[PDB]
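Chains as they are written, first to last, in the numbering used here: chain C, 15 to 260; chain W, 31 to 657; chain Z, 6 to 186; chain H, 25 to 110. Note that the Cβ used here is the ideal one computed from N, Cα and C, for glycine as well. Accompanying notes for the structure given below.
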Amino acid sequence: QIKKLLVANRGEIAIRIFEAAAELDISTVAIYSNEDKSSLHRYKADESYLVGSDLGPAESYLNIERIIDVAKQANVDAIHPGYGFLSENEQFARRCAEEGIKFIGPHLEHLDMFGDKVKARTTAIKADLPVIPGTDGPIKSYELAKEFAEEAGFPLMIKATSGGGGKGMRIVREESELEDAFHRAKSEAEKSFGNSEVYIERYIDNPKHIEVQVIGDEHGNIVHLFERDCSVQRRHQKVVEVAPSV
Amino acid sequence: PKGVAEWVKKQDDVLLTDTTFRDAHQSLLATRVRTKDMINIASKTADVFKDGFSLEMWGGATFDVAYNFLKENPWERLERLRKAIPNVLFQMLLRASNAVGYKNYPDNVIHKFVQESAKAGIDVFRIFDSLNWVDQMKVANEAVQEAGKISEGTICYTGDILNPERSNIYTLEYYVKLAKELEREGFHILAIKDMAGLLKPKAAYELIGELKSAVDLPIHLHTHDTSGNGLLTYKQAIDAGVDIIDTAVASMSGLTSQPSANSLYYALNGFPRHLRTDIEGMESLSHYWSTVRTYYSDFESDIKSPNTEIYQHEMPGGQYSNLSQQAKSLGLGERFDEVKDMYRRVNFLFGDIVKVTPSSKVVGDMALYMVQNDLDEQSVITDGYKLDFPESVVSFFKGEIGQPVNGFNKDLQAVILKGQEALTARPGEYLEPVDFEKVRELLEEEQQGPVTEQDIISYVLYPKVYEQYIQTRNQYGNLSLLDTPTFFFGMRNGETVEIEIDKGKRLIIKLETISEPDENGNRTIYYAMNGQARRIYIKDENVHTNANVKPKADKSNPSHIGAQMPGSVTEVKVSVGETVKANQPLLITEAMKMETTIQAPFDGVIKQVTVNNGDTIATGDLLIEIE
Amino acid sequence: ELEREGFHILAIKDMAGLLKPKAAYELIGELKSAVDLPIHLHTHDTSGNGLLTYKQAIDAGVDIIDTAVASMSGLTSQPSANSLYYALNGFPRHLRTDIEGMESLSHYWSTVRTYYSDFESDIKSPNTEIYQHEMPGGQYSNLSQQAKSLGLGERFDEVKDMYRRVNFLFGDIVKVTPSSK
Amino acid sequence: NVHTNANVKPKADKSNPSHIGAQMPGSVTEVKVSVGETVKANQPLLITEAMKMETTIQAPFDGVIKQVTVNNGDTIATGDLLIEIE
Ligand SMILES: Nc1ncnc2c1ncn2[C@@H]1O[C@H](COP(=O)(O)OP(=O)(O)OP(=O)(O)O)[C@@H](O)[C@H]1O
Ligand SMILES: O=CCCCC[C@@H]1SC[C@@H]2NC(=O)N[C@@H]21
Ligand SMILES: [Cl-]
Ligand SMILES: [Mn+2]
Ligand SMILES: [Mn+2]
């Protein structure tokens with residue numbers, strides 16, 4: 015029942031989706047912006063479409079309205095969001111169902127549930143999973159801050175209240191430089207993400223980052239496809255990954 | 031159809047038919063305007079002419095010129111424009127004898143044509159006989175009636191009703207007789223086709239006045255502005271009650287085109303009746319057409335002034351200068367006044383006939399012919415037995431364009447025909463019906479397979495041209511999607527062109543560089559075509575093949591003969607793939623006014639020859655290979 | 006006033022070709038009562054309605070009109086005398102002149118005009134936007150070289166619009182040389 | 025034979041009936057007659073090529089070719105004398 019597919023994305027992943035799509039005899043639609051005008055991925059689908067010349071630089075793979083209207087113009091059954099743009103965006107997927115188009119991903123409730131790093135942690139606690147201490151929720155002021163700081167432990171890390179890019183975090187080791195941390199990494203979590211809601215948890219020393227792959231269908235069956243070791247990081251940012259872990 | 035017409039009669043406003051997609055560029059730009067340029071403003075045009083009567087966007091020369099010169103399917107032009115402009119009537123001009131073609135046809139060709147043209151979008155057929163012969167107009171009319179569309183019954187205008195000394199025949203009473211008669215044939219609308227712009231302002235007023243009195247049908251006036259009096263004419267037509275007039279946008283108007291709709295708009299301020307259109311959007315339409323028109327500069331008409339000598343000689347449309355061009359080809363350029371005069375005289379020699387394609391070519395041909403052979407009205411008859419009249423005129427006197435209002439001079443006919451029988455009946459009645467099945471059979475065998483009805487009559491109508499359109503389509507695919515500048519010029523080094531195939535399907539093409547020609551006159555083009563490097567090979571036609579670059583002889587290879595010095599090929603002597611002995615002459619060069627005959631080292635089969643007579647050569651150039 | 010000043014002839018000079026046919030009728034009509042001067046009328050066929058303006062003025066009793074020979078007529082020139090001669094057939098008043106001689110002159114000027122092709126304007130079409138902006142004879146195209154000659158020739162839309170506005174800004178003036186400069 | 029199309033034809037006398045001049049620029053494809061041959065009105069004299077279009081130049085009347093100005097593949101401007109006939 016999927017006949018047209020649009021990818022709300024660029025580059026390798028876009029192309030990758032286009033490959034699977036063709037392999038399933040599904041027609042493909044690409045979107046592109048002004049300077050992507052040369053990007054390979056745009057030439058590798060069956061139809062391609064400029065996404066608002068009105069739009070600007072990078073803020074144009076992000077324009078929900080202008081992109082759904084493009085989908086509507088080509089009768090698209092389904093949108094693949096790839097990763098890293100609207101892929102984690104609540105509303106985008108809502109406007110998709112609201113307009114007869116099948117968002118290619120989790121259920122609306124799921125994006126909301128993990129759409130935020132507190133909720134994620136709360137949802138986890140209820141699923142009865144081990145989790146990092148830290149705080150019951152977000153933290154404004156700095157009075158809020160010093161409290162938990164002189165209470166449990168001292169290696170601690172204040173961090174962004176969402177988003178999968180490790181740019182807005184910062185680690186507190188010792189008494190005082192706590193000052194900066196809160197702010198330095200509050201409104202540098204600003205420029206990175208939407209806002210700068212930030213909390214603090216334990217900072218676990220010398221950890222390995224292991225992630226598990228899951229897939230499920232629309233009929234209650236779910237498998238995992240094992241781990242990846244993503245511990246080789248520069249920022250808090252993945253540089254080399256291995257599957258499965260060693 | 032009946033109801034539309036009734037509707038028109040009610041309208042206080044003057045309605046208009048836009049001729050920009052057809053008549054305007056047929057007159058001004060040799061009918062060269064491409065689908066591409068029409069399509070791009072179709073959505074604007076739909077808005078502008080929302081209350082227009084119709085758009086004339088088909089017929090006349092467009093069928094044959096689209097398929098032939100522009101290499102594009104006139105059927106696509108109609109179907110695309112039809113989808114884009116779903117709200118105004120589409121009108122075409124249909125000559126009664128042969129619809130849109132170049133010949134005579136059995137009646138089933140007329141029927142099949144109108145049948146398919148109705149189907150694909152055409153709502154109004156302006157039917158006209160080139161001799162105002164009603165009888166020839168009955169086949170087309172029926173076909174339009176059975177198709178459910180609107181049949182527009184046309185009278186062509188000649189002479190001058192203001193002037194009783196002009197004709198005893200082309201009178202107010204003739205035109206009234208013809209209109210009343212067209213009405214009984216049950217046409218929905220009376221059209222007056224003033225193909226030569228002969229309808230002087232008062233004439234129009236008197237003429238439309240009478241017809242409105244005479245017939246209950248709505249009247250559609252069509253004129254060209256070639257005397258410079260077009261707007262005046264329409265103005266008077268309007269005081270007399272005319273229902274519809276044919277106009278063009280300012281920038282595609284004037285001279286031998288339709289009168290300007292933008293002008294007509296303002297000309298009428300302060301008068302009883304009002305043109306029904308958006309000027310705001312016609313100024314806009316005008317600007318677009320003004321720029322696009324520049325794409326077509328190579329086909330601009332010669333004409334640049336009003337010409338009132340029209341009222342003596344009556345050469346319709348462009349003819350008063352094609353014929354001048356034509357007269358120059360025969361040494362008569364200094365004597366064009368004598369041709370303009372012979373044009374008129376030949377008209378009376380022929381009974382005084384209506385002159386449009388194809389009758390006007392007849393009269394033109396005779397005139398050229400008579401001045402060329404120092405001939406007059408008497409000697410044409412006296413020496414006629416030993417004269418070779420133009421094929422067009424023998425065709426005319428044979429009955430093959432139809433019956434002229436006044437009949438044939440029996441003696442003149444005798445002399446032109448030299449025995450040959452004339453038709454006693456309209457030409458189409460003589461012809462066997464076309465077996466359309468046999469035609470499908472053939473086209474499907476020639477092509478892929480799947481062939482349509484539009485393929486079928488297109489072929490019947492235009493066998494050669496159709497065939498050729500098809501070879502072109504096989505070679506280059508759909509030319510009609512190129513933008514006009516690219517279509518006419520190609521691309522310059524460094525350009526990126528953006529061809530639209532379909533909603534979200536384009537080709538981005540960049541031309542990078544072109545190589546010098548290889549030994550065969552082939553240049554290598556380097557493109558990029560969306561995202562990928564691409565190389566194409568094209569044959570150059572030099573003017574002089576001294577430009578061509580020859581590969582270098584492999585020196586450590588006994589098969590390659592090299593150029594031992596500069597010079598010229600004075601004579602090629604052996605050809606590719608051919609036997610020669612040791613010490614055979616196979617190429618004579620010239621060094622510095624010195625012969626030397628490059629000869630074969632061993633017994634050989636000549637593998638290659640990279641040279642023609644009078645090619646440049648430089649030291650170390652591969653001239654020949656031998657096995 | 007001009008009659009009072011002792012001018013022998015009253016001329017209406019329509020430099021921008023803005024005298025619409027009906028206007029021409031009513032303006033020459035009234036003037037013919039108002040004063041005893043004969044009326045000499047001058048127009049430019051830039052809108053494409055010059056002949057019509059002439060015919061209406063003639064109905065209204067105009068005395069003299071400025072015309073040009075066919076091949077040197079039309080668009081921003083005067084209307085064609087050759088055209089008017091016939092245009093008037095059947096109407097009350099006839100143009101006093103020799104068509105046959107005029108056809109002859111047209112032909113002469115036709116070839117001669119060829120010597121001057123480096124000098125023709127781009128103007129090749131009537132233009133009825135003159136009624137919004139009011140630029141007299143030349144200007145419209147002149148004032149286009151100049152606007153590209155300073156990199157504004159991509160929004161001559163706005164120049165045209167500013168031209169009109171400047172006009173009212175200056176309290177709405179007559180526009181010929183040199184007021185149109 | 026260093027220039028071949030860089031010879032200069034004279035200009036046809038426009039007021040001489042026996043002078044045939046070029047009507048536009050282009051190319052001689054094929055000379056079809058010699059100085060001396062007799063011809064009939066309308067005979068092929070010359071095939072030229074303009075911008076990828078072939079025009080055939082014809083005898084204006086019957087007569088005698090007196091000079092032929094061009095060779096296959098020469099180029100010509102409007103006004104160049106191509107042929108004299110009597
Ligand atoms: N509480 C913590 N203690 C120590 N290191 C941490 C902590 N939280 C995050 N990090 C570091 O940041 C990395 C990823 O941070 P986080 O889980 O917030 O991912 P993200 O920034 O949302 O993006 P992603 O997890 O997809 O890489 C971890 O691999 C780890 O190196
Ligand atoms: O001839 C050289 C270039 C090839 C151009 C072909 C185009 S296709 C449309 C037009 N009609 C023709 O027969 N040829 C040109
Ligand atoms: Cl009038
Ligand atoms: Mn016509
Ligand atoms: Mn003036």
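Alpha-carbon spacing of residue i relative to residue j, whole angstroms
i	j	result
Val181 of chain Z	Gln151 of chain Z	18 Å
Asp548 of chain W	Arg323 of chain W	39 Å
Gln145 of chain W	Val606 of chain W	57 Å
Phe96 of chain Z	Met77 of chain Z	26 Å
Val78 of chain W	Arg112 of chain W	16 Å
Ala107 of chain C	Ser155 of chain C	34 Å
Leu472 of chain W	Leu491 of chain W	15 Å
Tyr399 of chain W	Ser351 of chain W	17 Å
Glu108 of chain H	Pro346 of chain W	35 Å
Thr72 of chain H	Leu106 of chain H	11 Å
beta-carbon residue i near ligand 2 non-hydrogen atom, thresh 7 Å
i	result
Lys569 of chain W	no
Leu24 of chain Z	no
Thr516 of chain W	no
Residue i beta carbon near ligand 1 (any heavy atom closer than 7 Å)
i	result
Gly208 of chain C	no
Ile218 of chain C	yes
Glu211 of chain C	no
Residue i, DSSP secondary structure in three states
i	result
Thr65 of chain W	helix
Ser425 of chain W	helix
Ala73 of chain Z	strand
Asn171 of chain W	helix
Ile500 of chain W	helix
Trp88 of chain W	strand
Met345 of chain W	coil
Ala583 of chain W	coil
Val34 of chain W	helix
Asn550 of chain W	coil
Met127 of chain C	helix
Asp651 of chain W	strand
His238 of chain C	strand
residue 658 of chain W	Because chain W is modelled from 31 through 657, residue 658 of chain W falls outside the range shown and cannot be assessed.
Contact belief for residue i with residue j at Cβ below 8 Å, rounded distance in angstroms
i	j	result
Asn642 of chain W	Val599 of chain W	7 Å
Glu8 of chain Z	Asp41 of chain Z	7 Å
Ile383 of chain W	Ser257 of chain W	Wrong, their Cβ atoms sit about 21 Å apart, outside the cutoff.
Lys101 of chain W	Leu509 of chain W	5 Å
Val38 of chain W	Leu45 of chain W	7 Å
Near ligand 3: residue i beta-carbon under 7 Å from a heavy atom
i	result
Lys60 of chain Z	yes
Residue i: CB within 7 Å of a non-hydrogen atom of ligand 5
i	result
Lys18 of chain Z	yes
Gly143 of chain Z	no
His47 of chain Z	yes
Ligand 4 heavy atom lying under 7 Å from the CB of residue i
i	result
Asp269 of chain W	no
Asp53 of chain W	yes
Three or more C-beta pairs closer than 8 Å, one from the stretch 113-120 of chain W and one from the stretch 217-224 of chain W: is that the case here?
The answer is no - the stretch 217-224 of chain W does not touch the stretch 113-120 of chain W, with fewer than three Cβ pairs under 8 Å.
The stretch 59-75 of chain W in contact with the stretch 98-109 of chain W per 3-pair CB rule at 8 Å:
yes
Touching or not, the stretch 166-186 of chain Z and the stretch 82-100 of chain Z, by the rule of three or more beta carbon pairs under 8 Å?
no
Is it true that the stretch 185-198 of chain W meets the stretch 232-245 of chain C, where meeting means three or more beta-carbon pairs spaced less than 8 Å apart?
The stretch 185-198 of chain W and the stretch 232-245 of chain C do not touch, with fewer than 3 CB-CB distances between them shorter than 8 Å.
How do the stretch 17-32 of chain Z and the stretch 53-72 of chain Z stand: do at least 3 beta-carbon pairs fall below 8 Å, yes or no?
yes
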